[PDB]
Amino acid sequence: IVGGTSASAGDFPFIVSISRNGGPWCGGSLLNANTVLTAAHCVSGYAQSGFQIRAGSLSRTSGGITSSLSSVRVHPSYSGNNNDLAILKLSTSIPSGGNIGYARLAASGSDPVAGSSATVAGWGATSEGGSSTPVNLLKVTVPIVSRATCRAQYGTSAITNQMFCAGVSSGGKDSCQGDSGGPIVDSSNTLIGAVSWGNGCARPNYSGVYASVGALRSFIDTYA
């Protein structure tokens, strides 16, 4: 997270950190006791044994409940940056209680509304190309960017209705490398997307691009 602040305990009860090879890698969202929603790019094709999930902590290294993965299901039509979600099944159940809860999904057919304030969180880089990855969770609030503008920025073909965009025109607030798969929520903390891709991080006029929960609910609902 670029241009963010320290998350507080309980801000995202459902957020998980996803390590790979014992190192920071991605974020995700706990949907229920044995299921995490993350970005397909975080897990597609990779050895599933390299991953570990941690829930119930502001730290990605300590505290909470951990689990290995039983299975990975990438969206059936994942293609390029498109349909960039995967459903993970957990070998250790993660009961709700305390700072653990489950995500509330955006309504089916919904699209985030341009100009509305969204909050994204993760343990990714704090600058584009940055060396340091935060131990404690960061968050940042950015406006949704209209898809028409996002298409002006990246090309019409590059932004589909399975994606939405968020960021500030003059740059400086965004998700970044290591935040992929983690949540973006609306002002009521409803899960509207997962961090997906972008042309660097926090660049002026290149919005962050997010996998859209509202558009992907039929894959999410069926396997969650």
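From 1 onward, residues are counted along the sequence shown.
The mean C-alpha temperature factor is higher for 92-100 when 92-100 and 116-124 are set side by side. Averaged over their C-alpha atoms, the temperature factors of 189-197 and 155-163 are higher for 155-163. Each of 137, 74, 140, 145 has a CA temperature factor in the record; the biggest one is found at 74. Sort the chain's modelled residues by C-alpha temperature factor and residue 18 lands in the lowest third, per the entry. In this PDB entry, residue 12 carries a Cα temperature factor that places it within the lowest third of its chain's modelled residues. For residue 215, the recorded CA B-factor ranks within the highest third of the chain. Only modelled residues enter the ranking.
In the PDB entry, residue 2 places in the middle third of its chain by CA B-factor. Annotation for residue 33: C-alpha temperature factor in the middle third relative to the rest of the modelled chain, per the entry.
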